[PDB]
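Asker: In the working numbering, the protein residues as written are 751 to 1276.
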Ligand SMILES: *[C@@H]1O[C@H](CO[C@@H]2O[C@@H](C)[C@@H](O)[C@@H](O)[C@@H]2O)[C@@H](O[C@@H]2O[C@H](CO)[C@@H](O[C@@H]3O[C@H](CO)[C@@H](O)[C@H](O[C@H]4O[C@H](CO)[C@@H](O)[C@H](O)[C@@H]4O)[C@@H]3O)[C@H](O)[C@H]2NC(C)=O)[C@H](O)[C@H]1NC(C)=O
Ligand SMILES: *[C@@H]1O[C@H](CO[C@@H]2O[C@@H](C)[C@@H](O)[C@@H](O)[C@@H]2O)[C@@H](O[C@@H]2O[C@H](CO)[C@@H](O)[C@H](O)[C@H]2NC(C)=O)[C@H](O)[C@H]1NC(C)=O
Ligand SMILES: *[C@@H]1O[C@H](CO[C@@H]2O[C@@H](C)[C@@H](O)[C@@H](O)[C@@H]2O)[C@@H](O[C@@H]2O[C@H](CO)[C@@H](O)[C@H](O)[C@H]2NC(C)=O)[C@H](O)[C@H]1NC(C)=O
Ligand SMILES: CN(C[C@@H]1CCN(Cc2ccccc2)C1)S(=O)(=O)c1ccc2ccccc2c1
Ligand SMILES: *[C@@H]1O[C@H](CO[C@@H]2O[C@@H](C)[C@@H](O)[C@@H](O)[C@@H]2O)[C@@H](O)[C@H](O)[C@H]1NC(C)=O
Ligand SMILES: CC(=O)N[C@H]1[C@H]([C@H](O)[C@H](O)CO)O[C@@](O)(C(=O)O)C[C@@H]1O
Ligand SMILES: *[C@@H]1O[C@H](CO)[C@@H](O)[C@H](O)[C@H]1NC(C)=O
Ligand SMILES: *[C@@H]1O[C@H](CO)[C@@H](O)[C@H](O)[C@H]1NC(C)=O
Ligand SMILES: [Cl-]
Ligand SMILES: [Cl-]
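1. Does the pairing of the segment 1023 to 1033 with the segment 929 to 943 give three or more beta-carbon distances under 8 Å?
2. Checking the sheet assignment: what are the DSSP bridge partners for residue 771?
3. Which value, in whole angstroms, describes the spacing of the CA atoms of residue 840 and residue 777?
4. What is the residue span of the beta strand (DSSP E) that residue 1228 lies within?
5. Does ligand 3 have a heavy atom nearer than 7 Å to the CB of residue 1232?
6. In the DSSP assignment, find the unbroken beta strand (DSSP E) run with residue 929 in it and report its ends.
7. Which of the three DSSP states is assigned to residue 859 in this structure?
8. Which residues does DSSP pair with residue 890 in a beta bridge?
9. Within 10 angstroms of the Cβ of residue 925, are there 16 or more other Cβ atoms? Answer buried if so, exposed if not.
10. Does ligand 1 have a heavy atom nearer than 7 Å to the CB of residue 804?
11. Under 8 Å between the Cβ atoms of residue 781 and residue 794?
12. Any heavy atom of ligand 4 within a distance shorter than 7 Å of the CB on residue 1135?
13. Could you check whether the segment 896 to 909 touches the segment 978 to 996, counting it as contact only if at least three pairs of C-beta atoms, one from each stretch, sit closer than 8 Å?
14. Pick helix, strand or coil for residue 1188, following the three-state DSSP scheme.
15. Mind checking who residue 970 pairs with in its DSSP beta bridge?
16. Can you have a look at residue 976 and say buried or exposed, based on whether 16 or more other CB atoms are within 10 angstroms of its CB?
17. Compare the C-beta of residue 920 with all C-beta atoms of chain C and state if any pair is closer than 8 Å.
18. Within 8 Å, do at least three Cβ pairs link the segment 858 to 868 to the segment 938 to 953?
19. Please determine, among 915, 1211, 1003, the residue with the shortest C-alpha to C-alpha distance to residue 1040.
20. Considering only heavy atoms of ligand 6, does any lie closer than 7 Å to the CB of residue 978?
21. Using the three-state DSSP reduction, which class does residue 761 fall into: helix, strand or coil?
22. Around the Cβ of residue 1263, are there at least 16 other Cβ atoms within 10 angstroms (buried) or fewer (exposed)?
23. Just to confirm, is the Cβ distance from residue 1142 to residue 1010 under 8 Å?
24. From residue 929 to residue 804, what does the alpha carbon distance come to, in whole angstroms?
25. Could you tell me which of 1023, 1150, 961 sits nearest to residue 941, measuring between CA atoms?
26. Alpha carbon to alpha carbon, what distance is there between residue 1209 and residue 978?
27. So, does the segment 817 to 831 touch the segment 882 to 900, judging by three or more C-beta pairs under 8 Å?
28. Check whether the segment 1228 to 1248 and the segment 1112 to 1127 touch, using three or more Cβ-Cβ pairs below 8 Å as the test.
29. Are there 16 or more other CB atoms within 10 angstroms of the CB of residue 755, so buried, or fewer, so exposed?
30. Quick one: is residue 1155 buried, meaning 16 or more other Cβ sit within 10 Å of its Cβ, or exposed?
31. How is the beta strand (DSSP E) around residue 752 delimited, first residue to last?
32. Taking all protein chains shown into account, do 16 or more other C-beta atoms lie within 10 angstroms of the C-beta of residue 1202, making it buried, or fewer, making it exposed?
33. Whose C-beta lies closer than 8 Å to the C-beta of residue 1102 among residues of the same chain, with five residues either side of it excluded?
34. Buried or exposed, going by whether 16 or more other CB atoms sit within 10 Å of the CB of residue 824?
35. What would DSSP say about residue 1102, mapped onto helix, strand or coil?
36. What's the gap between the Cα of residue 832 and the Cα of residue 762?
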């Protein structure tokens, strides 16, 4: 089972999935390893090889700091890298149906991780379910994260910024030139991703160098206009410089800095990423997408506002409790191991943690818009309010605003609202429908009966998988057979969206409308 690619022959392996077979090619290199003098530079193209590359195991994950706040707890550790970390991590994976499809639609996954963490090899990113059940091809790639992938000395090719995005872009290029050999249709490629993955997919909509590398886009819990998604050219420099000092690489010649940062073990670079900013938060993106003048030619809010993106269909959506995950990473009085009833004072302190550089008036204005209580006696008023504050500001309102803005230029948009809490979810109940916990459903993990998911979850994943795959194949995320609720287009007027849950799937209008008017009109002025 050998496929000949443009750079050489690759050998895959055979997966038994649901009384059937998927061919997995795990760990195909798609760039020269960005090592030595290649560190921080854009990804260079891969020299040809004469052997049979053995793509039979996930490859090295990119260097990254590991969440060690809940050691031994699956709800945190399920997200930590499950392969050796290395700078030599520019690899991708391909699941194709067996037998080899003819002209299959291709799904390209971009993982999240706040642009600091993440890896394609995670169990909740296993594409074999989608390959088997919908006969699409799934591709996923590793891209550089943290400083190693997003250090920015603007204009300077030694550290131009946005390398991780250019890593992704080079993977998309690989699919364009090689997926035909695997039975995929290069003309039918849907980027999908979650969180920073979703912000990445949205940036590929803007980057002209990506416009011909895919067809459609799916944005799960993320978009480039999210407040955490794009570093200012200022802060990127202040960040690059503060890193140079912490490592002792402060030089007058800016390239002499990069040279100095190139003789540091990655461990030294990662240990210093944290304090590169002055006041971090649980959502800090120390090194992330920047306006490099290359991948990104202008500030994306301007590009969005003036229709300067790929015209195509988008599938956008968010989860019901996007914000609760971050509350247990610093917020006072919070814990995954109790119900986290917090007081007014505790809520106010938590705003200082999530909005450190914000004026008191700004923080009071958040308090005022979110404490008009329907019941003052309700003891978790503040706990739920602080979670909604983080979710509405960081995910739901920018994702909604992205969808209005993008659809205003005549393209079909579909907006979902995931509100099912996984029956196997290891975080406590009050954290609800958390950030990232729609992904297993998108990937069809409840489709394996051999797990402990309920029948209702199997049906929900089954429908989501159909809707996702029909969106990839046909720009339309309906399920047309099992008498399903029709998913209407999101228009700027009606703003209709589809709820996803095991109970009843409903068409609703104008998600978080009052919340988002505050976050999208008033709060940016503070
Ligand atoms: C990439 O993957 C291939 C295939 O691996 C196999 O794929 C599937 C088909 C499945 O069977 C898997 O279990 C398995 O991983 C690798 O192919 C193997 O290549 C090595 C050599 O590099 C072979 O080992 C040699 O086999 C000889 C059989 O004639 C044997 O004589 C060899 O003994 C040595 O010592 C004597 C003593 O003088 C010498 O005379 C010999 O010439 C030899 O050097 C040795 O056992 C395996 O048998 C191959 N696998 C199979 C299943 O046959 C390939 O190596 C791998 N490459 C990389 C870089 O990963
Ligand atoms: C731009 O960076 C300066 C300097 O960063 C400091 O030193 C680094 C090595 C690292 O340890 C950072 O965490 C430090 O912040 C920032 O200046 C500091 O600001 C804090 C309070 O904001 C102050 O108490 C320190 O004394 C300052 N240190 C110095 C050397 O000036 C500055 O705030 C950053 N600018 C922005 C807009 O964030
Ligand atoms: C919920 O727990 C937090 C966290 O406290 C720690 O974790 C607990 C699960 C338990 O193992 C405790 O022994 C630990 O201290 C509590 O937050 C602390 O609250 C105390 C008293 O209010 C305060 O002195 C500490 O500063 C707090 N620490 C942190 C990190 O917030 C919280 O009180 C608990 N809430 C409820 C409703 O039980
Ligand atoms: C420090 N990180 C967060 C921890 C790391 C591992 N835990 C995984 C988890 C995932 C879902 C629920 C519970 C736990 C979460 S991060 O990955 O570097 C990061 C940084 C900035 C971000 C800004 C916006 C959105 C996401 C961001 C992520
Ligand atoms: C649709 O439903 C299948 C089984 O449910 C029953 O059978 C179908 C064919 C209907 O005629 C009706 O009797 C029931 O809904 C599932 O096996 C199948 O996976 C479902 N398809 C999707 C896309 O969810
Ligand atoms: C270690 C721990 O937390 N254990 C608790 C689990 C969940 O894991 C938490 O709610 C989220 O961590 O949930 C319980 O409510 C339960 O349903 O029996 C109590 C149990 O002791
Ligand atoms: C694949 O599909 C495209 C249209 O999407 C078509 O133009 C092309 O000829 C097809 N090629 C093969 C080999 O099926
Ligand atoms: C910095 O050093 C590099 C080394 O090749 C050189 O090309 C560049 O001109 C230098 N810049 C300044 C401002 O001295
Ligand atoms: Cl009160
Ligand atoms: Cl308002």
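From the three backbone atoms N, C-alpha and C, an ideal C-beta is built for every residue, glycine too.
Answerer: In this structure, then:
1. Taking 8 Å as the limit for Cβ pairs, the verdict is that the segment 929 to 943 does not touch the segment 1023 to 1033.
2. DSSP, once it has assigned bridges, lists 766 as partnering residue 771.
3. When rounded, the distance between both Cα atoms is 9 Å.
4. Element bounds for residue 1228: n/a, residue is neither H nor E.
5. No, the Cβ of residue 1232 stays beyond 7 Å of every heavy atom of ligand 3.
6. Per DSSP, residue 929 belongs to no beta strand (DSSP E) and is neither H nor E.
7. If DSSP states are grouped into helix, strand and coil, residue 859 belongs with the strands.
8. DSSP, once it has assigned bridges, lists 843, 859 as partnering residue 890.
9. A residue is called buried once 16 or more other Cβ atoms fall within 10 Å of its Cβ, and residue 925 is buried on that count.
10. Under cutoff, so the answer is yes.
11. Contact: yes.
12. Not one heavy atom of ligand 4 is found less than 7 Å from the C-beta of residue 1135.
13. Contact holds: three or more Cβ-Cβ distances are below 8 Å.
14. Coil.
15. Residue 970 is bridged to 944, 1067.
16. With 16 or more neighbouring CB atoms inside 10 Å of its own CB, residue 976 falls in the buried class.
17. Checking the listed chains, one finds no chain C in this structure; it contains a single protein chain.
18. Taking a cut-off of 8 Å on C-beta distances, the segment 938 to 953 touches the segment 858 to 868, as three or more cross pairs fall below it.
19. Selected option, being the one with the closest Cα: 915.
20. False, no ligand heavy atom lies under 7 Å from that Cβ.
21. Strand.
22. By the neighbour-count criterion, in which a residue is buried when 16 or more other Cβ atoms sit within 10 angstroms of its Cβ, residue 1263 is exposed.
23. Contact: no.
24. CA-CA distance, residue 929 to residue 804, rounds to 17 Å.
25. Cα-wise, what sits closest to residue 941 is 961.
26. About 34 Å.
27. Flag = no, the segment 817 to 831 and the segment 882 to 900 do not touch.
28. They do not touch, by the three-pair rule.
29. Counting Cβ neighbours within 10 Å, residue 755 comes out buried, since at least 16 surround it.
30. Counting other Cβ atoms within 10 Å of its Cβ, residue 1155 reaches 16 or more and is therefore classed as buried.
31. Residue range 752 to 754 is occupied by the beta strand (DSSP E) that includes residue 752.
32. The residue in question, residue 1202, is exposed, as its Cβ has fewer than 16 Cβ neighbours within 10 Å.
33. So the list reads 1113, once near-sequence residues are dropped.
34. That one is exposed.
35. In the structure shown, residue 1102 falls within a helical segment according to DSSP collapsed to helix, strand and coil.
36. Approximately 20 Å between the Cα atoms of the pair.
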